[PDB]
Amino acid sequence: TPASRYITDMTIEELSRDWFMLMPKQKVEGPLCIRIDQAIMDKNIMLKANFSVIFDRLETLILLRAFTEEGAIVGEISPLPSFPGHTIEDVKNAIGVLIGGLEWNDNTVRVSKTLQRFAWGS
Amino acid sequence: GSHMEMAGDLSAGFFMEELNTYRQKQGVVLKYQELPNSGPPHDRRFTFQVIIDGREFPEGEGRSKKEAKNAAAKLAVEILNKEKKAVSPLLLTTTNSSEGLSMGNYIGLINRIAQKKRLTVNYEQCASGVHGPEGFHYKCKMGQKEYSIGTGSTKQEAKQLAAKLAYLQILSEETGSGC
């Protein structure tokens, strides 16, 4: 799990931020996590994780959270596990569905970053 | 006008079956539109109208043979390429133009909104603990005539009210000219 093939985005502070749900909104198709709060909608979510790579491709994921400059949160996003864990090609859908939630109200959605580069592809 | 001029399958459609490619994303299941050999000044060019977006006249044509209908979808390559330029004004005129959950803090953008005259915005207290809440009358400012002021019992329950009243001063203050 070298740093050349394992990257620690989230520091020791991005791990345990909690916030509270006015009216959340959830959806999922496969191994990704999705959320928008509908009263607290369109806040900055900073989804960082300690991921890994191999051959410029998939090794793993941990979790993702929400952060702004002010520090608020609209919801939560992460690479979800499943029966096989996190299917790469299903991340095409799980991250796939994870891209278009809030987009109806002209405010773009947040997506998970781990399964993007190596699961959401292939 | 003409992309190909000689093509043609011999067991398939061609201008519908071999014509399947670009209309995957351009998205047109043509209940087909036919403008073949429409030239008024003596031109029989097959504009067997393939479509770019759902009604349009993709068209480029040269003769009533393999020449013509191919460059029908000539511009049905393009109007997706063309027109990628903007459509909206400064924002979408949509009834849902950007959300974003505007700031809940007060003294944050107060100094911004102190742009009324670029004010001295300042806050201080002497928080008694004698009896513990013994008395906290607050004295600060935004604006320059309504000295932002608060009053309360316990500290954090009353820490802002002047500074709240500060941040909520200038937008009501007629000041900025001196009186």
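Computed from the coordinates by the stated procedures, all read-outs in this text should not be read as laboratory data. So basically every Cβ, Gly included, is an ideal-geometry build from the backbone, and we count neighbours across all protein chains shown.
Within a straight-line Cα-Cα reach of under 18 Å, B:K74 can be paired with the following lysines, leaving aside sequence neighbours fewer than 8 residues apart in one chain: B:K25, B:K65, B:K66, B:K82, B:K84. Taking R0 as 30 Å, what FRET efficiency do you get between B:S11 and B:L35 from their Cβ-Cβ distance, rounded to the nearest 0.05? E between B:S11 and B:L35, to the nearest 0.05, is 0.65. Here the Karplus curve 6.51 cos²θ - 1.76 cosθ + 1.60, taken at θ = phi - 60°, turns the phi angles of the stretch B:62-69 into couplings of x, 5, 6, 7, 4, 2, 8, 5 Hz, with x standing for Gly and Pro.
Only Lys, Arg, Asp and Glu carry charge here, each on its Cβ (+1 for the first two, -1 for the last two); on that basis the protein assembly as shown has a dipole of about 540 debye about its Cα centre. Straight-line cross-link reach from B:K145 at under 16 Å between alpha-carbon atoms covers these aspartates and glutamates, not counting any fewer than eight positions away in the same chain: B:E173, B:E174. The H on the amide N of A:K25, modeled in the peptide plane, is under 5 Å from the matching H of A:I36, A:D37, A:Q38, each at least 5 residues off or on a different chain.
State to the nearest 20 debye the size of the charge dipole of chain A about its Cα centre, where the only charges are +1 on K and R beta carbons and -1 on D and E beta carbons.
So the dipole magnitude of chain A works out to roughly 220 debye.
Using only the Cα atoms, work out Rg/Rh for chain A, with Rh taken as the Kirkwood radius, to two decimals.
So for chain A, dividing Rg by the Kirkwood Rh gives 0.97.
Under the simplified labelling scheme, the B:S98-B:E56 pair shows an inter-label distance of 3.0 nm, with each label point 7 Å from Cα along Cα→Cβ. Per the Debye formula on identical point scatterers at the alpha carbon atoms of the stretch B:1-85, with no solvent, log10 I(q)/I(0) at q = 0.10, 0.17, 0.19, 0.23 Å⁻¹ is -0.23, -0.65, -0.80, -1.12.
For the protein assembly as shown, the spread of Cα positions along the three principal axes, ordered from largest to smallest, is 101, 59, 34 Å. Our coupling estimate for the stretch B:75-91, obtained by passing each phi through the Karplus curve with A = 6.51, B = -1.76, C = 1.60 and θ = phi - 60°, is 6, 6, 7, 9, 4, 5, 6, 4, 6, 5, 3, 4, 10, 7, x, 2, 9 Hz, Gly and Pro reported as x.
Dividing the Cα radius of gyration of chain B by 2.2 N^0.38 Å, with N the residue count, gives 2.25. Scaling the Cα radius of gyration of the stretch B:104-179 by the globular reference 2.2 N^0.38 Å produces a ratio of 1.15. Non-local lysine pairs in chain A, meaning eight or more places apart or on different chains, with alpha-carbon distances under 16 Å, amount to 4. Local charge for A:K113 was computed over the other residues whose Cβ lies under 9 Å away, with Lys and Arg +1 and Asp and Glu -1, and equals +1. Among the chymotrypsin sites (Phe, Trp or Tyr not before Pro) in the stretch B:1-90, those placed in a DSSP loop whose Cβ has at most 15 other Cβ atoms within 10 Å are B:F14, B:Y32.
Counting other beta carbons within 10 Å of each residue's own, what order do A:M21, A:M46 fall into, fewest first?
Ranking A:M21, A:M46 by Cβ neighbours within 10 Å, fewest first, gives A:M21, A:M46.
Nearest 10 degrees is fine. How inclined is helix A:88-97 to the longest principal axis of chain A, computing both from alpha carbons? The answer is roughly 10 degrees. Using only side-chain charges placed at the Cβ, +1 for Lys and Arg and -1 for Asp and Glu, the dipole size of the stretch B:1-85 relative to its Cα centre rounds to 180 debye. For the pair B:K84 and B:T120, label points projected 7 Å from Cα toward Cβ lie 5.7 nm apart.
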